[PDB]
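Notes follow the structure.
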Amino acid sequence: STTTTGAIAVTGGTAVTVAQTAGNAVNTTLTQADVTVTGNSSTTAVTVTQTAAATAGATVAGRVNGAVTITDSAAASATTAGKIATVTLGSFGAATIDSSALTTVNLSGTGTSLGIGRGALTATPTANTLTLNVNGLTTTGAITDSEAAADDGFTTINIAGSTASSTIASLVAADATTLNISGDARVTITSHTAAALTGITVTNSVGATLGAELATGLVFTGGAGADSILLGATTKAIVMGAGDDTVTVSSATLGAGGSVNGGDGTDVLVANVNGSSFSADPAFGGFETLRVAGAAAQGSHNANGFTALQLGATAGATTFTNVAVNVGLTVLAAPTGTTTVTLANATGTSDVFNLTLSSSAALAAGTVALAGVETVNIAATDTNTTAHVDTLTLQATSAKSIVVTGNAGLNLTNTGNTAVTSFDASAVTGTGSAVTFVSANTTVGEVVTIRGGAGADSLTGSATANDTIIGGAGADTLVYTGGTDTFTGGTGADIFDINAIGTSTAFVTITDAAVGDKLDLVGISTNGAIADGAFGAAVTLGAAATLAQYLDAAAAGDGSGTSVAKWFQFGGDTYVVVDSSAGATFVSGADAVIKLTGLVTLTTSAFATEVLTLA
Amino acid sequence: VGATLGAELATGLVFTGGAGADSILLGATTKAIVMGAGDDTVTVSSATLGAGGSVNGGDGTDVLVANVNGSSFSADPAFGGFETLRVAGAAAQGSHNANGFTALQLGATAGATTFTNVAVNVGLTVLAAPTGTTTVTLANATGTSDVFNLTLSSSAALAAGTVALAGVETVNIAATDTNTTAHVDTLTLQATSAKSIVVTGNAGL
Ligand SMILES: [Ca+2]
Ligand SMILES: [Ca+2]
Ligand SMILES: [Ca+2]
Ligand SMILES: [Ca+2]
Ligand SMILES: [Ca+2]
Ligand SMILES: [Ca+2]
Ligand SMILES: [Ca+2]
Ligand SMILES: [Ca+2]
Ligand SMILES: [Ca+2]
Ligand SMILES: [Ca+2]
Ligand SMILES: [Ca+2]
Ligand SMILES: [Ca+2]
Ligand SMILES: [Ca+2]
Ligand SMILES: [Ca+2]
Ligand SMILES: [Ca+2]
Ligand SMILES: [Ca+2]
Ligand SMILES: [Ca+2]
Ligand SMILES: [Ca+2]
Ligand SMILES: [Ca+2]
Ligand SMILES: [Ca+2]
Ligand SMILES: [Ca+2]
Ligand SMILES: [Ca+2]
Ligand SMILES: [Ca+2]
C-alpha cells in the first residue's frame with residue numbers, strides 16, 4: 001500500500017525481532033510502521049529491520065522509515081539490573097534505546113537519529129564501553145549518548161565498520177574519552193561532538209574519515225588504509241600510519257609541539273591556508289602530495305620536496321613555487337583566480353609539465369600559467385561513465401607541444417601561446433569528448449600540426465601557417481584561415497569550414513572528402529551568397545589542359561554581383577572554385593580554389609545554405 | 001691556495017677551479033661552471049642562470065653569495081655543492097630561501113633582507129654593515145627551547161644593524177675581532193621571546 005503500516009508493539013520474550021518490508025509501486029511513497037519493543041526481564045536482544053528509505057522517483061519506490069522505541073524493564077529503576085545487551089537496527093526513523101545493560105548496537109541501512117539512554121540506575125557504572133558495529137549505514141542526523149549529558153555515559157566508543165561504507169552525519173558523546181574505529185570497510189563521521197576526547201584510534205583496513213576538525217589537544221592515530229582528518233594548531237603528535245592518508249590543515253604552523261607524520265604510502269597534505277612551506281618545518285613529515293583546497297586556501301605555496309601537486313576550490317589566486325622536475329599538477333575542482341606554476345628550473349629547452357584535470361562532472365579549471373615549459377601534457381579525466389567537457393585557459397608562452405590525453409573533452413583557451421607548433425589531442429576517447437583548439441601562432445610560413453580525438457572536435461589553424469589539421473572519429477569542424485593547409489577529417493560527418501580565400505599556391509587541400517562530409521563556403525560568398533541548387537556538372541576540358549587553364553575556365557563567368565561555384569578534375573585530384581570576379585581570369589586575390597585529393601564526383605551533391613553536402 | 005677574480009665573468013665564459021679557495025662573480029651564465037675541491041666562493045648577480053647554465057661548488061665547504069632581490073638556490077638543480085648562503089652586494093636584498101644550507105652569512109646590502117625556512121642549528125654570521133632590518137624566521141619556531149647562534153665577525157668596529165629573531169628562547173652572540181687591535185660592535189636585537197642572551201667573543205658589544 002501507500003497508506004502507512006500501522007503500529008507494531010512487542011512486550012517480553014528471550015529475544016525479539018521485528019522485520020518490516022515495503023513493496024509499494026515505483027512512483028509512490030509508503031511510510032513504514034512505528035515500532036515499540038518493551039523487554040521483560042528475559043530480553044537479552046532486540047532487532048528491528050525495515051526497507052531502506054528512498055525518494056519517490058520515476059522508477060524509484062519511495063519509503064520513509066518508522067520511529068523505533070526500545071525499552072528494557074529496569075529502565076526507570078534506581079537499582080534493578082536491566083537485561084537488554086544487544087540491539088540490531090536495519091534502517092530507522094527517529095530511534096531510541098533505553099537500557100542500563102546495553103553494550104552493543106548493530107547498525108545497517110538508512111537512519112534518521114539514534115538516541116541511546118542507559119537505565120536511571122543511581123549507582124556509578126563501571127563497564128562503559130559502547131560497541132557500535134556499522135555496515136552500510138547512512139544517517140540523516142545524530143547518534144547521541146543521551147545518558148552522558150546529565151548522567152554517566154560511555155567513556156569509550158568503538159565503531160566497527162563492516163563489508164560496506166558507512167556515514168554517520170553526527171556523533172554526539174559528551175562523556176567519551178577514547179574512540180576506536182576498527183574493522184573492514186570505511187567509517188565516515190561527518191561531525192563529532194565529543195569535547196572530553198583524549199584520543200582517537202583507527203585500526204580499520206579501508207580507513208576512517210572525520211569531517212570535523214579535531215581539538216588542538218586531541219591525539220589521533222591512523223592504521224593501514226586511507227584515514228582522513230582536519231587539524232588546526234595541534235599540540236599533539238599526530239600519526240597517520242600506512243596507506244594513502246589525507247590531512248587538511250587550517251593553520252600553516254602547528255603549536256606547542258605539535259607535529260603530523262603521514263607515515264608510509266602516498267599521503268596528501270591539504271593546505272587550507274594563505275601560504276605554506278611544509279618541507280622546511282620538521283613538524284610535518286611523510287607527505288608526498290601537496291593539495292591547495294579549502295575556503296581559506298590561497299597565495300604562495302612551497303612545492304619543494306613534494307612528488308605531486310593537487311588543486312581544489314580556493315579562496316583566491318594560488319601559486320606553486322620551487323616545483324621540481326617531473327612533478328605534475330592535478331586539478332580536482334574549480335579554483336578561484338589564476339593558478340601559477342613556477343618551476344625549480346625553467347631555463348632548459350626540453351621542459352615537460354604534466355597537467356591533469358580529474359572530475360566526475362564538467363570542470364572549469366580556470367587559468368593555469370606555465371612560463372618556460374616547452375611540452376605541456378594535459379590529461380582530461382572523467383571519473384564516471386557519463387561524458388563531459390572540461391575548460392582551461394592555458395598560459396604557456398614557450399610551449400612548442402601540447403599533447404592532450406584522457407576520456408573527457410577539453411575546450412582549451414590558447415590565446416597568446418604563440419610558440420605552439422604541435423597540438424596533439426589524438427589519444428582522447430568518448431562518443432563526445434569534444435576538443436576545441438585555435439592556434440595562436442603568428443610565425444610566417446610555419447608548419448603547425450593540429451590533431452583531434454574521438455570527439456566532435458573544433459580545430460582552427462592560423463592564417464600565418466601551413467596547418468596540417470586532422471580530426472579523429474566524430475563530427476569534426478576544421479577551419480581554414482590562410483596559407484598552405486592540409487585537412488583530414490577522419491571518420492564521421494566532418495565539416496570543412498572555409499573562412500579564407502587563399503591564393504593559387506597557398507590553398508587548402510582536403511585529403512579524404514567522402515560521402516557525408518560538408519564544405520562550408522559561407523566565408524567566401526564575397527559578393528552575395530552561393531548557388532543554393534544541386535549545381536553539379538563538372539567542368540570538362542581537353543586531355544592535356546593545365547591547372548591554370550581549368551581555373552580560368554571555371555572562373556569564366558561573372559561573379560561581380562553574385563558569387564558562383566564550379567568544380568573540375570585535374571591530374572587525379574578534384575578542385576572546387578568560387579568565382580567572385582568579372583573577367584575569365586581566375587584572379588588569385590578574390591577568386592578561390594579548394595583541392596580535394598582523389599577523384600570525388602560532386603555531380604549529385606547539393607548546396608544547403610552555402611554548404612555543400614557530399615552525396 | 002686558489003685564485004680569486006673580482007670581475008664578473010662573461011656569460012659565455014667557462015671557469016674551472018682546482019683544490020683551494022677559488023673565488024669568482026657570475027651573471028646569467030650559459031656554461032657549466034665547476035669549482036673543484038677546497039672552500040670556494042661564487043657571487044651571482046642574477047638569481048636564475050640561462051641557456052644551461054649551471055654552477056657546482058664541488059667538494060668542501062663552499063659559499064654562495066646572492067647579489068640579488070631574492071633567492072631559492074636549493075630548489076634549482078643548476079646550483080649544487082654549496083653549504084653556506086651569504087647575502088652581500090650592491091643589489092642584495094629581500095626574501096632568501098635558507099633551506100638546505102648549513103650556515104648563513106651577511107655583508108653590505110641594498111636593502112632589508114629576510115632568511116626564510118632556516119633549519120635548526122643553523123647560525124648567521126654578519127661580516128659587514130647591512131641595510132635595513134635583517135629578519136631570520138626559522139623552519140620551526142614553535143618549541144620552547146629554541147637556540148640561535150648569531151656571530152659578528154670583522155677586523156674593525158661593526159654596526160650589525162637590526163636582526164629580528166621571533167620565537168627564539170636562547171640567543172647566543174659571538175662578537176669576533178679578526179685582528180689584534182680592540183673594537184666595539186653594535187647590534188639592535190629584536191627577540192621578543194628570548195629568556196637568555198649569552199655573549200661570547202673578544203670584541204665589545
Ligand atoms: Ca537515564
Ligand atoms: Ca544514573
Ligand atoms: Ca556525565
Ligand atoms: Ca592510515
Ligand atoms: Ca600513510
Ligand atoms: Ca618536512
Ligand atoms: Ca608517506
Ligand atoms: Ca562525467
Ligand atoms: Ca624553458
Ligand atoms: Ca611556457
Ligand atoms: Ca574528432
Ligand atoms: Ca592556415
Ligand atoms: Ca572525423
Ligand atoms: Ca569524414
Ligand atoms: Ca564560415
Ligand atoms: Ca571571373
Ligand atoms: Ca677550488
Ligand atoms: Ca669546492
Ligand atoms: Ca661542497
Ligand atoms: Ca640545489
Ligand atoms: Ca679591530
Ligand atoms: Ca619558540
Ligand atoms: Ca625571540
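Naming scheme: A, B, ... for chains in displayed order of the C-alpha cells; residues 1 onward per chain; ligands 1 onward as shown.
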
Would you list the contacts of residue 56 in chain A as a PyMOL selection string, taking every protein, DNA or RNA residue within 7 Å and counting only C-alpha atoms, but skipping same-chain residues closer than 4 positions in sequence?
chain A and resi 27-29+60-62

Keeping N, CA and C atoms for every residue in the selection just given, could you write it to a file as a PDB file, in the first residue's frame?
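What ended up in again-v9.pdb:
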```pdb
ATOM      1  N   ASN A  27       6.214   4.767  -8.272  1.00  0.00           N
ATOM      2  CA  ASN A  27       6.157   6.228  -8.191  1.00  0.00           C
ATOM      3  C   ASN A  27       5.413   6.714  -6.962  1.00  0.00           C
ATOM      4  N   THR A  28       5.288   5.825  -5.992  1.00  0.00           N
ATOM      5  CA  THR A  28       4.548   6.111  -4.779  1.00  0.00           C
ATOM      6  C   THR A  28       5.475   6.188  -3.583  1.00  0.00           C
ATOM      7  N   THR A  29       5.003   6.814  -2.513  1.00  0.00           N
ATOM      8  CA  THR A  29       5.703   6.728  -1.238  1.00  0.00           C
ATOM      9  C   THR A  29       4.832   6.051  -0.175  1.00  0.00           C
ATOM     10  N   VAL A  60      11.839   4.875  -8.854  1.00  0.00           N
ATOM     11  CA  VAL A  60      12.354   4.671  -7.506  1.00  0.00           C
ATOM     12  C   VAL A  60      11.146   4.592  -6.581  1.00  0.00           C
ATOM     13  N   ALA A  61      10.961   3.426  -5.958  1.00  0.00           N
ATOM     14  CA  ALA A  61       9.897   3.268  -4.962  1.00  0.00           C
ATOM     15  C   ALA A  61      10.247   4.044  -3.678  1.00  0.00           C
ATOM     16  N   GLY A  62       9.368   4.982  -3.296  1.00  0.00           N
ATOM     17  CA  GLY A  62       9.579   5.853  -2.124  1.00  0.00           C
ATOM     18  C   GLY A  62       9.236   5.209  -0.785  1.00  0.00           C
TER      19      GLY A  62
END
```

Contacts to ligand 21 at 9 Å cut-off (only C-alpha atoms and all ligand atoms) as a ChimeraX atom specification:
/B:154-157,177-184,203

Export of prior selection with N, CA, C and O atoms as a PDB file, in the first residue's frame:
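selection24.pdb, written as the output of this step:
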```pdb
ATOM      1  N   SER B 154      84.509  40.669  12.156  1.00  0.00           N
ATOM      2  CA  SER B 154      85.098  41.811  11.446  1.00  0.00           C
ATOM      3  C   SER B 154      86.454  42.155  12.018  1.00  0.00           C
ATOM      4  O   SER B 154      86.747  41.848  13.179  1.00  0.00           O
ATOM      5  N   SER B 155      87.285  42.811  11.206  1.00  0.00           N
ATOM      6  CA  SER B 155      88.543  43.375  11.698  1.00  0.00           C
ATOM      7  C   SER B 155      88.286  44.695  12.445  1.00  0.00           C
ATOM      8  O   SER B 155      88.872  44.921  13.505  1.00  0.00           O
ATOM      9  N   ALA B 156      87.407  45.543  11.898  1.00  0.00           N
ATOM     10  CA  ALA B 156      87.003  46.829  12.504  1.00  0.00           C
ATOM     11  C   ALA B 156      85.613  46.790  13.187  1.00  0.00           C
ATOM     12  O   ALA B 156      84.822  45.841  12.997  1.00  0.00           O
ATOM     13  N   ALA B 157      85.332  47.833  13.969  1.00  0.00           N
ATOM     14  CA  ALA B 157      84.003  48.067  14.548  1.00  0.00           C
ATOM     15  C   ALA B 157      82.872  47.857  13.522  1.00  0.00           C
ATOM     16  O   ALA B 157      82.861  48.489  12.463  1.00  0.00           O
ATOM     17  N   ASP B 177      86.516  39.813  16.747  1.00  0.00           N
ATOM     18  CA  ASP B 177      87.540  40.687  16.154  1.00  0.00           C
ATOM     19  C   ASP B 177      88.539  39.753  15.459  1.00  0.00           C
ATOM     20  O   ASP B 177      89.019  38.773  16.058  1.00  0.00           O
ATOM     21  N   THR B 178      88.813  40.041  14.184  1.00  0.00           N
ATOM     22  CA  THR B 178      89.735  39.223  13.386  1.00  0.00           C
ATOM     23  C   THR B 178      91.217  39.683  13.517  1.00  0.00           C
ATOM     24  O   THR B 178      92.126  38.865  13.290  1.00  0.00           O
ATOM     25  N   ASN B 179      91.445  40.960  13.887  1.00  0.00           N
ATOM     26  CA  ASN B 179      92.804  41.496  14.159  1.00  0.00           C
ATOM     27  C   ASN B 179      93.109  41.771  15.655  1.00  0.00           C
ATOM     28  O   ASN B 179      92.204  41.788  16.502  1.00  0.00           O
ATOM     29  N   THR B 180      94.392  42.029  15.939  1.00  0.00           N
ATOM     30  CA  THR B 180      94.961  42.245  17.297  1.00  0.00           C
ATOM     31  C   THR B 180      94.557  43.538  18.028  1.00  0.00           C
ATOM     32  O   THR B 180      94.782  43.662  19.231  1.00  0.00           O
ATOM     33  N   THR B 181      93.992  44.493  17.297  1.00  0.00           N
ATOM     34  CA  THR B 181      93.650  45.808  17.841  1.00  0.00           C
ATOM     35  C   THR B 181      92.134  45.937  18.200  1.00  0.00           C
ATOM     36  O   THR B 181      91.277  45.787  17.339  1.00  0.00           O
ATOM     37  N   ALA B 182      91.837  46.204  19.474  1.00  0.00           N
ATOM     38  CA  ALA B 182      90.490  46.107  20.062  1.00  0.00           C
ATOM     39  C   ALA B 182      89.395  47.030  19.455  1.00  0.00           C
ATOM     40  O   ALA B 182      89.701  48.179  19.066  1.00  0.00           O
ATOM     41  N   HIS B 183      88.144  46.516  19.346  1.00  0.00           N
ATOM     42  CA  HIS B 183      86.956  47.315  18.927  1.00  0.00           C
ATOM     43  C   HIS B 183      85.599  46.911  19.577  1.00  0.00           C
ATOM     44  O   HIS B 183      85.483  45.865  20.248  1.00  0.00           O
ATOM     45  N   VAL B 184      84.575  47.744  19.349  1.00  0.00           N
ATOM     46  CA  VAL B 184      83.240  47.533  19.887  1.00  0.00           C
ATOM     47  C   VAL B 184      82.167  47.491  18.791  1.00  0.00           C
ATOM     48  O   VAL B 184      81.934  48.525  18.137  1.00  0.00           O
ATOM     49  N   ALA B 203      85.506  40.860  21.211  1.00  0.00           N
ATOM     50  CA  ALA B 203      85.252  42.260  20.950  1.00  0.00           C
ATOM     51  C   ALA B 203      84.029  42.735  21.736  1.00  0.00           C
ATOM     52  O   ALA B 203      83.269  41.920  22.244  1.00  0.00           O
TER      53      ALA B 203
END
```

Throw together the list of residues within 8 Å of ligand 2, counting only C-alpha atoms and all ligand atoms, and drop it here as a PyMOL selection string.
chain A and resi 78+119-124+151-152

How would the residues just chosen look if you wrote them out with C-alpha atoms as a CSV table (one decimal), in the first residue's frame?
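Contents of the output file out-v8.csv:
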```csv
chain,number,residue,atom,x,y,z
A,78,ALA,CA,17.2,3.0,40.6
A,119,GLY,CA,18.8,3.0,32.8
A,120,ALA,CA,18.2,5.6,35.5
A,121,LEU,CA,20.4,3.5,37.9
A,122,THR,CA,21.8,5.7,40.6
A,123,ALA,CA,24.9,3.5,41.2
A,124,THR,CA,28.0,4.8,39.3
A,151,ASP,CA,24.4,11.3,34.0
A,152,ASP,CA,27.0,8.6,33.4
```

Taking a cut-off of 8 Å and counting only C-alpha atoms and all ligand atoms, can you build a table that, for each residue of chain A near ligand 3, reports the nearest atom pair and how far apart they are in Å (one decimal), sorted by chain then residue number, as a tab-separated table?
```
residue	atom	partner	partner_atom_place_in_ligand_line	distance
A:147	CA	ligand 3	1 (Ca)	7.4
A:148	CA	ligand 3	1 (Ca)	4.5
A:149	CA	ligand 3	1 (Ca)	5.3
A:150	CA	ligand 3	1 (Ca)	5.4
A:151	CA	ligand 3	1 (Ca)	4.6
A:152	CA	ligand 3	1 (Ca)	4.6
A:153	CA	ligand 3	1 (Ca)	6.0
A:174	CA	ligand 3	1 (Ca)	7.2
A:175	CA	ligand 3	1 (Ca)	5.5
```

Counting only C-alpha atoms and all ligand atoms, name the residues that have an atom within 9 Å of an atom of ligand 6; the answer should be given as a PyMOL selection string.
chain A and resi 277-287+305

Dump C-alpha atoms for the selected residues as an mmCIF file, in the first residue's frame?
```cif
data_model
loop_
_atom_site.group_PDB
_atom_site.id
_atom_site.type_symbol
_atom_site.label_atom_id
_atom_site.label_comp_id
_atom_site.auth_asym_id
_atom_site.auth_seq_id
_atom_site.Cartn_x
_atom_site.Cartn_y
_atom_site.Cartn_z
ATOM 1 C CA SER A 277 56.257 25.833 3.365
ATOM 2 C CA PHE A 278 55.823 22.339 4.702
ATOM 3 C CA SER A 279 59.122 20.952 3.569
ATOM 4 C CA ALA A 280 61.048 23.344 5.795
ATOM 5 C CA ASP A 281 59.021 22.526 9.002
ATOM 6 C CA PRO A 282 60.149 19.255 10.554
ATOM 7 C CA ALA A 283 56.759 19.203 12.330
ATOM 8 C CA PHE A 284 55.295 17.806 9.035
ATOM 9 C CA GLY A 285 56.908 14.641 7.550
ATOM 10 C CA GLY A 286 55.975 11.592 5.387
ATOM 11 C CA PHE A 287 53.820 13.571 2.917
ATOM 12 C CA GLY A 305 60.054 18.186 -1.582
#
```

Which of range 295-430 of chain A fall in strand (DSSP E or B), as a PyMOL selection string
chain A and resi 299-302+308-311+318-323+329-331+339-343+352-359+364-369+375-382+389-395+401-406+409-413+422-424

Could I get the residue neighbourhood of ligand 22 at 12 Å, counting only C-alpha atoms and all ligand atoms, as a PyMOL selection string?
(chain A and resi 253-257) or (chain B and resi 120+137-148+165-171+191-195)

Could you save those same residues with N, CA, C and O atoms as a compact mmCIF listing (two decimals), in the first residue's frame?
```txt
# COMPACT_ATOMS: atom_id res chain seq x y z
N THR A 253 51.43 26.81 10.56
CA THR A 253 52.31 26.28 11.60
C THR A 253 51.48 25.71 12.72
O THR A 253 50.41 26.22 13.03
N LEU A 254 52.00 24.65 13.31
CA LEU A 254 51.34 23.97 14.41
C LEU A 254 51.54 24.76 15.71
O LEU A 254 51.65 26.00 15.66
N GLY A 255 51.57 24.10 16.86
CA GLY A 255 51.66 24.83 18.14
C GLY A 255 52.43 23.97 19.10
O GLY A 255 52.85 22.89 18.69
N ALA A 256 52.60 24.45 20.34
CA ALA A 256 53.25 23.69 21.45
C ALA A 256 54.26 22.74 20.83
O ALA A 256 55.33 23.18 20.46
N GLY A 257 53.91 21.48 20.61
CA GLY A 257 54.71 20.69 19.69
C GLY A 257 54.25 19.27 19.68
O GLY A 257 54.70 18.52 20.53
N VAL B 120 67.13 24.08 12.00
CA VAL B 120 67.62 24.17 13.38
C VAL B 120 69.15 23.98 13.38
O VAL B 120 69.65 23.28 12.49
N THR B 137 63.62 33.99 10.09
CA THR B 137 62.47 33.16 10.51
C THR B 137 62.78 31.69 10.29
O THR B 137 63.06 31.27 9.18
N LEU B 138 62.77 30.96 11.41
CA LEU B 138 63.16 29.56 11.42
C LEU B 138 62.13 28.68 10.75
O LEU B 138 60.96 29.07 10.58
N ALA B 139 62.59 27.48 10.37
CA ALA B 139 61.76 26.41 9.86
C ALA B 139 60.64 26.14 10.86
O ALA B 139 59.46 26.18 10.48
N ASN B 140 61.01 25.92 12.12
CA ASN B 140 60.05 25.73 13.19
C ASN B 140 60.38 26.43 14.52
O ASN B 140 61.21 25.95 15.30
N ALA B 141 59.70 27.54 14.78
CA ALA B 141 59.95 28.31 16.00
C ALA B 141 59.10 27.87 17.21
O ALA B 141 59.26 28.40 18.31
N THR B 142 58.21 26.90 17.01
CA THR B 142 57.08 26.68 17.94
C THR B 142 57.42 26.15 19.34
O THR B 142 56.72 26.50 20.28
N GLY B 143 58.48 25.33 19.45
CA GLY B 143 59.04 24.82 20.73
C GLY B 143 59.44 25.90 21.74
O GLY B 143 59.30 27.10 21.48
N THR B 144 59.91 25.49 22.91
CA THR B 144 60.21 26.49 23.98
C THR B 144 61.68 26.49 24.41
O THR B 144 62.04 27.10 25.41
N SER B 145 62.52 25.80 23.62
CA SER B 145 63.96 25.65 23.85
C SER B 145 64.70 26.01 22.59
O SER B 145 65.70 25.35 22.24
N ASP B 146 64.23 27.05 21.89
CA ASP B 146 64.84 27.43 20.62
C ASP B 146 66.14 28.22 20.82
O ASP B 146 66.18 29.21 21.55
N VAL B 147 67.20 27.73 20.17
CA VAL B 147 68.56 28.29 20.27
C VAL B 147 69.00 28.82 18.91
O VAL B 147 68.94 28.10 17.90
N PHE B 148 69.44 30.08 18.89
CA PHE B 148 70.07 30.64 17.69
C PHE B 148 71.46 31.20 17.95
O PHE B 148 71.68 31.89 18.94
N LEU B 165 64.78 38.00 15.59
CA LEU B 165 64.70 36.56 15.80
C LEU B 165 63.45 36.14 16.58
O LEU B 165 63.56 35.56 17.67
N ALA B 166 62.28 36.41 16.00
CA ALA B 166 60.96 35.96 16.53
C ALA B 166 60.99 34.47 16.91
O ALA B 166 61.56 33.65 16.15
N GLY B 167 60.44 34.14 18.09
CA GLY B 167 60.34 32.75 18.58
C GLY B 167 61.57 31.98 19.08
O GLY B 167 61.50 30.77 19.32
N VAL B 168 62.70 32.67 19.24
CA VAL B 168 63.93 32.07 19.76
C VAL B 168 64.09 32.38 21.25
O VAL B 168 63.90 33.53 21.67
N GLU B 169 64.43 31.38 22.05
CA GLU B 169 64.43 31.49 23.52
C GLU B 169 65.79 31.79 24.15
O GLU B 169 65.88 32.51 25.15
N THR B 170 66.81 31.18 23.56
CA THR B 170 68.22 31.44 23.85
C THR B 170 68.86 32.02 22.58
O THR B 170 68.86 31.37 21.52
N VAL B 171 69.37 33.25 22.70
CA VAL B 171 70.12 33.94 21.63
C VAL B 171 71.60 33.96 22.04
O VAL B 171 71.95 34.58 23.03
N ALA B 191 64.16 40.17 19.73
CA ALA B 191 63.97 38.79 20.10
C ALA B 191 62.98 38.73 21.28
O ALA B 191 63.36 38.63 22.48
N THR B 192 61.69 38.82 20.91
CA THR B 192 60.64 39.11 21.89
C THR B 192 60.27 37.92 22.76
O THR B 192 59.49 38.08 23.69
N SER B 193 60.81 36.74 22.48
CA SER B 193 60.63 35.57 23.38
C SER B 193 61.95 34.94 23.84
O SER B 193 62.03 33.76 24.21
N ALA B 194 63.00 35.75 23.83
CA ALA B 194 64.24 35.26 24.35
C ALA B 194 64.25 35.51 25.84
O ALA B 194 63.91 36.62 26.31
N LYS B 195 64.57 34.43 26.56
CA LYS B 195 64.71 34.37 28.02
C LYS B 195 66.21 34.55 28.42
O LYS B 195 66.54 35.22 29.44
```

Return as a PyMOL selection string the residues of protein, DNA or RNA that approach ligand 13 to within 7 Å, with only C-alpha atoms and all ligand atoms taken into account.
chain A and resi 471-476+489-494

Create the file for the chosen residues now, containing C-alpha atoms and written as a JSON list (two decimals), in the first residue's frame.
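Output saved as again_17.json:
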```json
[["chain", "number", "residue", "atom", "x", "y", "z"],
["A", 471, "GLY", "CA", 40.06, 15.26, -36.69],
["A", 472, "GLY", "CA", 39.63, 11.70, -35.35],
["A", 473, "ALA", "CA", 36.31, 9.90, -35.21],
["A", 474, "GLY", "CA", 33.14, 12.10, -34.93],
["A", 475, "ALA", "CA", 31.72, 15.33, -36.39],
["A", 476, "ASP", "CA", 34.87, 17.48, -36.70],
["A", 489, "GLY", "CA", 38.54, 14.86, -41.07],
["A", 490, "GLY", "CA", 38.68, 11.13, -40.30],
["A", 491, "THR", "CA", 35.57, 9.00, -39.92],
["A", 492, "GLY", "CA", 32.20, 10.81, -39.48],
["A", 493, "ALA", "CA", 30.27, 13.77, -40.93],
["A", 494, "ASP", "CA", 33.11, 16.32, -40.91]]
```

In terms of the shortest atom-to-atom distance over only C-alpha atoms and all ligand atoms, which of B:131, B:153, B:72, B:29 is closest to ligand 20?
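So, comparing all the options, the nearest one is B:72.
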